[PDB]
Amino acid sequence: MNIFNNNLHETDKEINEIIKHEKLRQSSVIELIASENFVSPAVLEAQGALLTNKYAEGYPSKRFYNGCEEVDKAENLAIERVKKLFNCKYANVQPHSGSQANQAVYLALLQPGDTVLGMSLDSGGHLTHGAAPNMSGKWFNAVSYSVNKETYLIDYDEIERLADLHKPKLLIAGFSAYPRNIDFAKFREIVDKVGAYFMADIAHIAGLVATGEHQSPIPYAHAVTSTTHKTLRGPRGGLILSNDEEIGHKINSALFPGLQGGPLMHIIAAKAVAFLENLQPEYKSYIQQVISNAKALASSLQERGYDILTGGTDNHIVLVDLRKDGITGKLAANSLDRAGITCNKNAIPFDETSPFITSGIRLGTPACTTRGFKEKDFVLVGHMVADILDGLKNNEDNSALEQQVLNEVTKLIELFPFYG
């Protein structure tokens, strides 16, 4: 009737109960999914703002609806803060997601059928970099590069060979599952020789870039894309950056009216909140701890006899290579899940095992590090993981051990802060 009196606790108990139970779930597990994080209550408050009521097609001071004077201030703050954060000249804070950020760049620079060179799914590249079931592979001529079959590291000579062979219109750098540094300078050197554009998709490592813990793609890429969630620890959404303002104009037009309609102004306000958090000195210390934790985790696993792809990590990601142990990554991830530790199965490059099964798992540190985990806590986590993997090697039924480990997980995770 008067919807302004509708309170969720009263009007939708089912959804209210589900939200409560999700909070409990997040609080009670060890979240090692590499792409996940926990946002601040401040981000949540802005995320839930009545700014959702406002249609704001266009850009600040250049909208297609009157009445945007306040939402313009929010978007301008998001843009100014992220430009400061990444030391860049152009930003677009409107993309609804990492995927839409990428698509805006495609719409700005490419025609359907154009050749695009990206990291293969097999090697740890993202869906949106040319995978067959994604728009990027369906509507464009996607060709792929892969890591070295021995070292599992990016091979720039190979990329240059493929760039000359295929003359791509766009070369993408970036990944969803790769544990080492990328040389963006080399990517630009290669695209210039073949007359291609260079897009750097830094969704996973955006927080490292922002704090100088990874080389910035801003001097090198024509377009830089990212999620605002993941290591940046912002609300769920996308982001495009560049130091090329002429390409920036093309990206602006590609995002709207090219790709999206009304932006999510409440999410953009939340992006501003998260960017201000990123600008705090403590954010650099957080990313340094994220990386330190990842190295401790990898080392605890090696100590227990498990193999780590590339032998370690320069980032938040740890890739476990389970081939010598006869354990599938699917079986591992599922047992770990029942033990209170969430992670993903992960394909080992060049493995002939179905990607549905895999021979690896992918672990990430940002979420627990946000809850205050230090190195010794990730050492403990590494041993819990090893305990479960050992059980899968030596038992048909891992239920007893899963319950054992879940007991430990529960006593460890309740020691760290969470939402009030």
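One rule holds for the numbers: they count along the sequence shown, beginning at 1.
In this entry, 213-221 shows the higher mean Cα temperature factor of the pair 266-274 and 213-221. Taking the mean C-alpha B-factor of each stretch as recorded, 322-330 and 162-170 are not equal, and the higher mean is that of 322-330. Looking only at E75, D192, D337, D201, the residue with the top Cα B factor in the deposited structure is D192. Comparing the C-alpha B-factors of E45, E36, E57, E352 in the entry, the top value falls on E352. Sort the modelled residues of the chain by CA B factor and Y106 lands in the lowest third.
In the deposited entry, the Cα temperature factor of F256 sits in the bottom third of values across the chain's modelled residues. When the modelled residues of the chain are ordered by C-alpha B-factor, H96 sits in the lowest third.
In the PDB entry, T52 places in the lowest third of its chain by CA B-factor. In the deposited entry, the Cα temperature factor of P235 places it in the lowest third of its chain's modelled residues.
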